[PDB]
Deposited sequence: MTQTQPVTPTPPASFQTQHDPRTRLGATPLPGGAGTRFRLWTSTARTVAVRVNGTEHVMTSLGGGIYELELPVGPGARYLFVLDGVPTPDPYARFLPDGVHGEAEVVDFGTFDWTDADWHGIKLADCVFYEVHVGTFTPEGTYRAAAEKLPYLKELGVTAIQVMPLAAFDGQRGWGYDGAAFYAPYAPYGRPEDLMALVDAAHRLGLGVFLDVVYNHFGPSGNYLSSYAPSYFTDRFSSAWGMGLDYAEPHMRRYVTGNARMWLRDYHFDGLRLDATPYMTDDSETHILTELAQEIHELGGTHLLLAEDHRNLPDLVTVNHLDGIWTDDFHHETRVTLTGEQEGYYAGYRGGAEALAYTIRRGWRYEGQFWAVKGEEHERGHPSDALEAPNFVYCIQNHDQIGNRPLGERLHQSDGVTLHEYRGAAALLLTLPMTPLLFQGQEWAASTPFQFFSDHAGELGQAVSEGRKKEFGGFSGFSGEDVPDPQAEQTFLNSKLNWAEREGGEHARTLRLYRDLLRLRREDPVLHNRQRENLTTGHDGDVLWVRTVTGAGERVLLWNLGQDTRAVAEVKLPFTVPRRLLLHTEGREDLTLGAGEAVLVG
């Protein structure tokens, strides 16, 4: 009996009318005294319906250009479906009915079947567009990933950016391509049997191009703030519907299989039904198999069990892994010892912090909750993602950090890709890419200068505003064909094939997973009705024979995969083996 709050009849923004009758324009304003739409350069006064709702139907169709005029001020449409001249410009009318989808036989992807591959459209290819990205889909299918995780596409200011400065949430960022180019990308992925997920940012708007307050200051609250402005007021139903409307667009209109909600701890809502719960209700009302994941550092199972999200990006695994390999202790890395025993524990518990004191200076509190309710697929694990690379001063990747060997990097991949938790890989990870992933932006004027200054002060640090910082983050595809890059790629392929094919590795139950250690050797054991597998990872500096590792069970004898392709059951420093 949940009824969506959304009706195409009353949708805010510009919506094509049936019967070729044109377009219905709608907006909500709490403060404007005069309200007009400017279409293709001509102003038309809009009809006042009450409740600050304004509407007008005109015989213009898809492709018409418009913005609204509030008390005589031309103002971009926050509900714009496309912004061909960027976030300060006219919107284009978009008709979602005209694209010829060929993915009728695609029915989404279950979380337990996902191996995510995180893509930044601007850097994934030289062109930095959906059309160029689509040409890499067969490579990704053959690689063995099953779901692309696309960084945010909401329009933001400037000619490149990560996506976290999105301001017009309904408008795919024009430099990447037109709406139909995005549809072509999703349709192509589906035809290859790959899922496509989108990163969406419902905790804040970027600093440039967000005009919602021009319509109604009450979209936002002074009670709390975001990084860029006033906090998003989830007590206000129009603010709720701005994001639930947006979620439904991406899923229904662009055929995304799921969404990754950025920084859910900062979606503040004291309503009876939390906005996260209402998001789940709204997307499920679509009657598909769409998934919602949360990026959430609180180690809070209620995200799944109460808000009915599907899973959670859980960084304790990533952090424990990095500290294991580097010994670093700056910032939140101080929360972790690292090492075989620490990793065994963190895997056993899903996440490490289940209520214990987090002693990180400046952040001290009792962090997290018991993980018992969560099942293996509910945890999303990685050893690399945009933040864990990009929030480093030089944006270097794990194998590029001081004191990490390629052998260790390959061992880390084996651990990640054999665990029943849902893995995520960052673009280029699979071939040990030579290129960093640095923080880049392209804001205008004083704001641009403030970002450059901000980055310098926070930590030579590459200037985020420099074109070179963007270009230095571009993938170099040719390099994967040779040397250590090719070796790493072969291993990733072998791991992903084993994940797919191995009947024991099909396990998705924490009940069947056990872990432990002998000195600096980590072991991870899976036992199902199909058999037994053990992953051993030598995190020490010396060589260890599998036969001499003390285990509370008899080690399986058959060598299924060795991270350095060795014939015998011996582990060099940093190496791993899967036995069965």
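* Would you list the gaps, meaning deposited-sequence stretches without C-alpha coordinates, in the order they occur? => Deposited residues absent from the model fall in 1-13, 473-481.
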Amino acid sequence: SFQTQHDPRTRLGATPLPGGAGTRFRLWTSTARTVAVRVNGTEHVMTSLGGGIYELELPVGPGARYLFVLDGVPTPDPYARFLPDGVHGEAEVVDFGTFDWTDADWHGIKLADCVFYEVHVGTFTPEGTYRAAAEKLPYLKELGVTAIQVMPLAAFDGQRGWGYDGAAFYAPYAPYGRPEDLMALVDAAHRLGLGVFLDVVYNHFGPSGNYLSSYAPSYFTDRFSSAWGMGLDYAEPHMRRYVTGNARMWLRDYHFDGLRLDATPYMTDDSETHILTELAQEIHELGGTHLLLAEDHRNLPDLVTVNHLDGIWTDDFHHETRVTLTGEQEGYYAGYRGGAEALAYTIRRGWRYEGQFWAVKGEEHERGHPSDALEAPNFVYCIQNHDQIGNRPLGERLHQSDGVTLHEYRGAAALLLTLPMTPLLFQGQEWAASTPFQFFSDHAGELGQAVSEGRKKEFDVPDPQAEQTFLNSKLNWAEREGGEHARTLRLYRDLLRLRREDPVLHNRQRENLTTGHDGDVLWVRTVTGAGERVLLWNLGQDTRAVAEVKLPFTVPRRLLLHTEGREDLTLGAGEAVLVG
From here on, numbers count along this sequence of modelled residues.
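The term rigid core refers to the most C-alpha atoms you can superpose between the two forms while keeping them within 1.5 Å.
* Figure out for me whether 224-232 or 245-253 is the more displaced stretch in 8 other deposited structures of this protein, taking RMS C-alpha distance from the shown form once the rigid core is superposed. => Between the two stretches, 224-232 moves farther in 8 other deposited structures of this protein.
* Please pick 449-457 or 382-390, whichever has its Cα atoms farther from the shown form in 8 other deposited structures of this protein after a rigid core fit. => So, of the two stretches, the farther one in 8 other deposited structures of this protein is 449-457.
* Asked: Should the higher mean CA B-factor in the entry be assigned to 392-400 or to 239-247?
  -> Between 392-400 and 239-247, it is 392-400.
* **281-289 set against 99-107, stretch whose average Cα temperature factor tops the other in the entry** => Between 99-107 and 281-289, it is 99-107.
* Asked: Highest CA temperature factor in the entry: which of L67, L27, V534, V546?
  -> Going by the entry's C-alpha B-factors, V546 comes out highest.
* **Among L496, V504, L83, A478 - the residue whose C-alpha B-factor is largest in the record** => Result of the comparison over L496, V504, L83, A478: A478.
* To do: Please place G52 in the lowest, middle or highest third of its chain by C-alpha B factor as given in the entry.
  => Lowest third - that is where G52 ends up once the chain's C-alpha B-factors are sorted.
* Just say lowest, middle or highest third for the CA B-factor of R410 relative to the other modelled residues in its chain. => As the PDB entry reports it, the C-alpha B-factor of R410 lands in the middle third of its chain.
* Asked: What third of its chain's C-alpha B-factors does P62 belong to: lowest, middle or highest?
  -> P62: CA B-factor falls in the middle third of its chain.
* Lowest, middle or highest third: where is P420 by Cα B-factor in its chain? -> According to the entry, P420 has a C-alpha B-factor in the chain's lowest third.
* Asked: Where does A36 sit by CA temperature factor within its chain: lowest, middle or highest third?
  -> Middle third - that is where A36 ends up once the chain's C-alpha B-factors are sorted.
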